[PDB]
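Q: In the UniProt record's numbering, the protein residues as written are 3 to 21, 23 to 29, 41 to 60, 67 to 121, 129 to 205, 212 to 434. Pasting in a structure now, in C-alpha cells, and then I'll have a few things to ask.
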Ligand SMILES: Nc1nc2c(ncn2[C@@H]2O[C@H](COP(=O)(O)OP(=O)(O)O)[C@@H](O)[C@H]2O)c(=O)[nH]1
Ligand SMILES: Nc1nc2c(ncn2[C@@H]2O[C@H](COP(=O)(O)OP(=O)(O)O)[C@@H](O)[C@H]2O)c(=O)[nH]1
C-alpha cells in the first residue's frame with residue numbers, strides 16, 4: 003500500500019537506485047521481488069530551479085515517504101540546499117540519502140542521519156530501506172490537504188469538551204464546512226480539523242459504561258493530531274486520571290495547550306487563578322512548555338483565546354531554526370555555564386543542528402554522549418527556548434559522537 007518517491011537535483015544518481024522498482028502498474043511502480051519490503055514507487059520524470073520544483077511538488081502530494089538524494093563527491097551544494105528549502109513545506113517523512121560515496132555536514136541540510144548508498148552493487152540499501160519502512164505504520168488512515176491544521180480536545184468525561192467545541196464553533200471568525214468522524218472548519222480562513230468528534234458526539238446514542246475505551250479512543254485521536262488540547266475541570270481540579278492522557282501526548286511529541294474549563298463555577302479572586310496554575314505545574318511537571326488557559330464554555334468567557342493558542346502551539350511545533358544562530362546560542366550556553374567534568378574528562382560541544390520538525394529535535398555532536406548529563410541537557414533545552422520561543426511544544430535533544 004505505501005508509496006515512495008525519490009527526489010533530488012539532476013545527476014545525483016536517482017535513476018540507478020530507482021531502476023528497487025519492479026513492473027509498472029498501469041507512473042506508479044511496484045517494488046521488485048528481491049526487496050523484503052512491500053510498497054509502491056512513483057516516477058517523477060514526465067531555467068533550472070523551476071523544473072526541479074515540479075518534481076518535489078508532485079512527490080510531496082502523492083508519496084507517503086520521500087527519499088532525498090545528494091551526491092557525496094560534490095558535498096552539499098546550493099542546488100541541494102534549494103531542494104531542501106522546498107522539501108521543508110511537507111509534514112511527510114523525508115529520509116536523506118548520500119550517493120556515490129565523510130558523513131559530516133549533510134546534517135546541515137536538516138533532515139537528520141544521512142544514509143550512505145552506492146548503486147553499482149547496492150551498498151547501504153538495507154539501512155536506507157529499513158529507515159524508510161519504519162514510517163509505514165505512522166501513515167495517516169485519513170488524509171487531508173497539507174495546509175490543514177489538525178488538533179484534538181481530550182479530557183475526562185463531563186469536563187465540557189462538547190460545550191467547548193460548540194462555543195468555539197459559534198464565533199464570528201469561524202465558518203463550519205458544508212469520514213464524518215472529524216469536524217472541518219476555517220478560522221480567519223485557515224482550514225482546521227477536529228479529530229474524532231464522533232466519540233464526542235457519542236453520548237445521547239450510547240451509555241459510556243467504562244472509561245477504558247474512551248481513553249484508548251483518545252490516544253488514537255492524539256496519534257493523528259499535531260496539537261492536543263488537554264481539558265481540565267475547573268470545579269473539581271486535578272485528579273489522578275488526568276495525568277495519563279497528558280503524559281501520552283507528551284511522550285508522542287505533540288504540541289500541547291492546557292485548558293481549564295468551568296472557570297465560571299470557581300469562587301474567584303486573583304489568588305485562586307495563580308494557585309490553580311501552580312497546582313497544574315506541580316502535577317504536570319513534564320508540560321512546563323504548555324500554556325494554561327482559563328475559560329468557560331458555559332458563559333463564553335475567554336473562549337476567544339483558544340484558537341489563537343492552537344495556532345501558536347502549532348506554529349512553534351513546526352518551527353525550523355537557522356544553524357548559525359543555533360550554534361551561537363549553544364556556545365553562549367557553554368560560556369555562561371561551563372560543562373561538568375566526569376572523573377577526569379570534560380564534555381566538549383563541537384556542533385549542533387536541527388534534525389526534524391514536529392516536534393523540534395536537535396542533535397549535538399560531542400566528545401562522548403555519556404558525559405552529557407540529564408541536568409545539563411535540561412539546561413541546554415531551556416537556553417534554546419529563551420532564544421527561539423518554542424511555547425506549546427516539547428523539544429528533543431540528543432548527543433552524538
Ligand atoms: N561511482 C558511482 N557513480 C554513480 C553511482 N550512482 C550513480 N552514479 C553515476 O552518477 C550519474 C548520475 O545518474 P543519473 O542517471 O543522472 O540519475 P538522475 O539523478 O536521475 O539524473 C550516473 O550516470 C551514474 O553513472 C554510484 O553509486 N557510484
Ligand atoms: N459550570 C459550567 N458547566 C459546564 C461548562 N461547560 C460544560 N459544562 C457542563 O458540563 C457537563 C458536561 O458537558 P460535556 O460537553 O458533555 O462534557 P464532555 O463529557 O467533555 O463532552 C454538561 O452538563 C455541561 O452543562 C462550564 O464552562 N461551566
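Where is the CB? At the ideal position from N, CA and C, for every residue including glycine.
Here's the rule I'm using: 16 or more other beta-carbon atoms within 10 Å means buried, otherwise exposed. How should residue 99 be labelled?
A: buried
Q: Could you compute how far the alpha carbon of residue 358 sits from the alpha carbon of residue 152?
A: Using only the alpha carbons, I get a separation of about 34 Å.
Q: Among the residues of its own chain, which have a CB less than 6 Å from the CB of residue 54, if the five just before and after it don't count?
A: 5, 42 and 44
Q: Quick check on this structure: which residue in 83, 224 and 182 has the alpha carbon closest to the alpha carbon of residue 281?
A: Nearest of 83, 224 and 182 to residue 281, Cα basis: 182.
Q: Indicate, with yes or no, if ligand 1 has a heavy atom lying under 8 Å from the CB of residue 129.
A: Taken from the Cβ of residue 129, every heavy atom of ligand 1 lies 8 Å or farther away.
Q: Less than 9 Å between the beta carbons of residue 339 and residue 292, yes or no?
A: yes
Q: Thinking C-beta only, is residue 86 closer than 9 Å to residue 24?
A: no
Q: In its own chain, which residues sit with a C-beta less than 8 Å from the C-beta of residue 378, not counting the 5 before and 5 after it?
A: 400, 401 and 404
Q: Going by Cα to Cα distance, which pick from 191, 258, 275 and 106 is closest to residue 265?
A: 275
Q: Let me know the secondary structure DSSP gives residue 363 once reduced to three states.
A: DSSP places residue 363 in helix when its eight states are reduced to three.
Q: With the cut-off set at 9 Å, would you say residue 228 and residue 215 are in Cβ contact?
A: yes
Q: Can you list, in chain order, the stretches of the beta strand (DSSP E) that have 3 or more residues and sit fully within the segment 264-330?
A: 288-294 and 325-327
Q: Let me confirm a value: residue 17 is counted as buried when at least 16 other C-beta atoms fall within 10 Å, else exposed. Which label applies?
A: Exposed, by the Cβ-count rule.
Q: Give the DSSP-derived three-state secondary structure of residue 71 in the structure shown.
A: helix
Q: For ligand 1, I want to know if residue 192 counts as a neighbour, meaning its beta carbon is within less than 8 Å of at least one of the ligand's heavy atoms.
A: no
Q: In terms of residues, what are the limits of the beta strand (DSSP E) holding residue 220?
A: 216-220
Q: Do the segment 426-433 and the segment 385-398 make contact, defined as three or more Cβ pairs closer than 8 Å?
A: yes
Q: May I ask which residues mark the beginning and end of the beta strand (DSSP E) holding residue 233?
A: Segment: none, residue 233 is in no beta strand (DSSP E) and carries neither H nor E.
Q: Which ranges would you report for the alpha helix (DSSP H) in the segment 387-421 if only whole runs of at least 4 residues count?
A: As far as the segment 387-421 is concerned, its whole alpha helix (DSSP H) runs of at least 4 residues are 407-421.
Q: When the distance is taken between beta carbons, is residue 257 closer than 9 Å to residue 169?
A: yes
Q: What does the Cβ neighbour count give for residue 103, buried or exposed, with the cut at 16 atoms within 10 Å?
A: buried
Q: How long is the line joining the alpha carbons of residue 317 and residue 49, rounded to whole angstroms?
A: 46 Å
Q: How is the beta strand (DSSP E) around residue 24 delimited, first residue to last?
A: 24-28
Q: Is residue 60 close to ligand 1? I mean its beta-carbon at under 8 Å from any heavy atom of the ligand.
A: no
Q: Between the alpha carbons of residue 343 and residue 425, how many angstroms are there, rounded?
A: Residue 343 and residue 425: Cα-Cα distance of roughly 9 Å.
Q: Give every residue of the same chain whose Cβ lies closer than 8 Å to the Cβ of residue 15, excluding the five residues on either side of it in the sequence, and list them in chain order.
A: Cβ within range, chain order: 89, 91, 119, 120 and 146.
Q: How close, in whole Å, do the beta carbons of residue 96 and residue 136 come, if the pair is a contact with beta carbons under 8 Å?
A: So it is a contact: roughly 6 Å between Cβ atoms.
Q: Among 142, 113, 370 and 249, whose alpha-carbon lies nearest the alpha-carbon of residue 162?
A: Nearest to residue 162 by alpha-carbon distance, out of 142, 113, 370 and 249, is 113.
Q: Should residue 320 and residue 366 be called a contact, given that it needs their Cβ atoms to be closer than 9 Å?
A: no
Q: Can you say whether residue 350 is buried or exposed, counting buried as having 16 or more other CB atoms within 10 angstroms of its CB?
A: buried
Q: How about residue 153: is its Cβ closer than 8 Å to a heavy atom in ligand 1?
A: no
Q: Just to confirm before moving on: does the CB-CB distance between residue 346 and residue 323 stay below 9 Å?
A: yes
Q: Leaving out five residues before and five after residue 271 in sequence, what residues of the same chain have Cβ atoms less than 6 Å from its Cβ?
A: 316
Q: Since residue 375 sits in a beta bridge, which residues does DSSP pair it with?
A: 378
Q: For residue 243, which option in 287, 184, 387 and 416 has the closest C-alpha, if you only look at C-alpha atoms?
A: Of the listed residues, the one whose Cα sits closest to residue 243 is 184.
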